[PDB]
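As structure tokens, the next two blocks hold two forms of the same chain, structure 1 and structure 2.
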Structure 1
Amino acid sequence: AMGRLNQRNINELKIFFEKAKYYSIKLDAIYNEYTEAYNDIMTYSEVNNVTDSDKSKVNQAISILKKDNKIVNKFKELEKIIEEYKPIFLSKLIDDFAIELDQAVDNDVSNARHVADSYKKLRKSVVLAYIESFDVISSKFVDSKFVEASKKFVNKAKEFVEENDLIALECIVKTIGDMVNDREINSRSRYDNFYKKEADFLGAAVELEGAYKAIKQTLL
């Protein structure tokens, strides 16, 4: 029974990783398509002013954002991948952000900034949903060490998402992949520790892989 559970738990985590293999890549394609718009909105919406105020650049960034309801279609694909784990917060924040795009006021830079702030908060929520989805699957295992290394990993991984959502997401996805596919984790920093939160996250990813390895081995 303990092994019939741990077997299903190992299978659940593997089904998660394969289903969500592309989550980091897909979020980056969204970031990359919409960064110029987000930049234009932020540039001419500061209350410190002193930048004229091309309201047509802000109006164009909002149009790029709204076009063919695309960005909403792109976030809903990510919400579909995590679904078995209930991204209920996420579905609402996307539905809400879609309404934010529908209700946007041309020639109002403060509204534009508010749509742009909503995009940024949604994007980090999409990241958190992946972490929350993992914590759910990791909650069902019983091994004391794996559960402690899971809590520490999730805590350290949220701190990393709080610093940089997209950078956090890629090292998180690569860590799950490393564990799902019997590979050890690379603890060498990829950004000369520019992101102060990477090292403690990686330290936590190594300890979890040893505890996950130890569980796998009871079944071989």
Structure 2
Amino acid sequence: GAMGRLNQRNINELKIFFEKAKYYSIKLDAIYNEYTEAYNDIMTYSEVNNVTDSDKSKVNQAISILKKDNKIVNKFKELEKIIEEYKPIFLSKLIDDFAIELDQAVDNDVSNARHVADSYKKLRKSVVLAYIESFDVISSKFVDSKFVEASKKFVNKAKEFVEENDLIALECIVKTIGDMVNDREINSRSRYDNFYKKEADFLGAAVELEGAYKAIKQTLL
């Protein structure tokens, strides 16, 4: 009756969320890929004047690359948009604050550049966690208590995996959810044996979550 109907509503909300946010990991990679050299030129610049690693010129170009067309802010706003209905309240202001920092960044100020760079790095990890927060909200509404338990453990292991590599953790998270809601078997194969300690436990969390979601599905057709 109501329980069968609330199971279906929960499953529809998870699928709608996943499909709307299909490109979350790909789009966040694209930001990271475009701005890694600008980030590295800021970070590696040695205040010892540089040691055969160019000079203050490279930092100014890196900052200008970050500001160009407000591209990076727009790309972050695109990700906020994709989880509009579930996003943590902190995310919008964190993107705004970063956008303001970027306007304030002037030439020949390596400290400010490193700071702008540091807020870039934190925003990345924060945007990863906004996706986990978004799934946590959705999964917490589930009436099936076994799925909620598997979701709590999955979020836990997802968060620990994010501390090791935020963008790989995000990729595996988006893969697992996408597979599960498209009735594709989860691939529990590790791709980083003897590198990321938190991958195996996360893929285990994913298999148990698959188990609990399959079991709800079996009760709907």
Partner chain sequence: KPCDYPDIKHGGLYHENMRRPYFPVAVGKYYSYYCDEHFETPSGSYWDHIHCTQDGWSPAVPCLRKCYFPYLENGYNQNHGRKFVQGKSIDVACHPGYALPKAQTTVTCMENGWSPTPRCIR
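We call the rigid core the largest set of C-alpha positions that still match within 1.5 Å between the two forms. One-based numbering along structure 1's sequence throughout. Shifts are known only where both forms have a C-alpha.
The form deposited without its partner chain corresponds to structure 2, not structure 1.
Just one of the listed positions, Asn59, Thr175, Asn164, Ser45, moves its Cα by at least 2 Å between structure 1 and structure 2 when the rigid core is held fixed, and it is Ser45. Core-aligned Cα shift between structure 1 and structure 2 at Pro87: this is 3.7 Å.
Its Cα shifted by 1.7 Å between structure 1 and structure 2, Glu184 is reported here after superposition on the rigid core.
Fitting the two forms on their rigid core shows CA movement of 2 Å or more between structure 1 and structure 2 over runs of at least three residues at 45-53, 86-88, 191-193.
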